[PDB]
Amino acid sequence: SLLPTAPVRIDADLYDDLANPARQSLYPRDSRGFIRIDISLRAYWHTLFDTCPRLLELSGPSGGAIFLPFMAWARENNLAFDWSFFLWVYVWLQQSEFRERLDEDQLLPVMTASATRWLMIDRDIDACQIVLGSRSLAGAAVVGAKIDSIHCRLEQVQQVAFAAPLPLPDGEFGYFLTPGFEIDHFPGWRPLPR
């Protein structure tokens, strides 16, 4: 009744293939290792496509035409699947067969998704806000602010406009962190992390 662990035993045996969809085929379907990878693979799928549902307008409801080539692309470029995970998907889209169909209706949700992710996972005591910039978003930026009040009726991620304009980043995206909950200094765009 239990599913066999067939070629492995513990989770530590499957660490390397938890984000490699091309490596799921080498496990027996009836095995538990196949399902463990499928659970982890669906976690990447749902984190990307439940947060950015309009990406499914490009790939289709299965999302395979984006998911499988990106997961292979991210393993080659040694991505870390950090808070910049969504932004790297957009960078891959710019070199893919969907590059002609990329507009601001697709750029904005992935920008607020990366700001929202950094919001929830980052644990730097000295970092209160993240500011996301883009060459496809001049004059504005996406600001992710950690919670500093339990009674704030606003979203923690906002699109803000800059009076004096900010230089467009070198790559498609750029970021910088603020010590507090105010932007009084532009330190220079930092390149997107892995």
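Residue positions are given as counts along the sequence shown, with the first one as 1.
Per the entry, higher mean C-alpha B factor between 49 to 57 and 24 to 32: Stretch with the higher mean C-alpha B-factor: 24 to 32.
Greater mean Cα temperature factor according to the PDB record, 74 to 82 or 110 to 118: Comparing 110 to 118 with 74 to 82, the higher mean C-alpha B-factor belongs to 74 to 82.
Going by the deposited entry, which of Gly144, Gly133, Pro165, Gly63 has the highest CA temperature factor? Answer for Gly144, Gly133, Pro165, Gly63: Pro165, with the highest C-alpha B-factor.
Just say lowest, middle or highest third for the CA B-factor of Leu137 relative to the other modelled residues in its chain. Highest third - that is where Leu137 ends up once the chain's C-alpha B-factors are sorted.
Entry-reported Cα temperature factor of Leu177, expressed as the chain third it lands in: CA B-factor rank for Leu177: lowest third.
Using only modelled residues of the chain, where does the Cα B factor of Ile37 rank: lowest third, middle third or highest third? For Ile37, whose C-alpha B-factor we compare with every modelled residue in the chain, the answer is the middle third.
Can you tell me which third, lowest, middle or highest, the CA B-factor of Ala161 falls into for its chain? It belongs to the middle third of the chain when residues are ordered by C-alpha B-factor.
Give the position of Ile150 by CA B-factor within its chain, expressed as the lowest, middle or highest third. For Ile150, whose C-alpha B-factor we compare with every modelled residue in the chain, the answer is the highest third.
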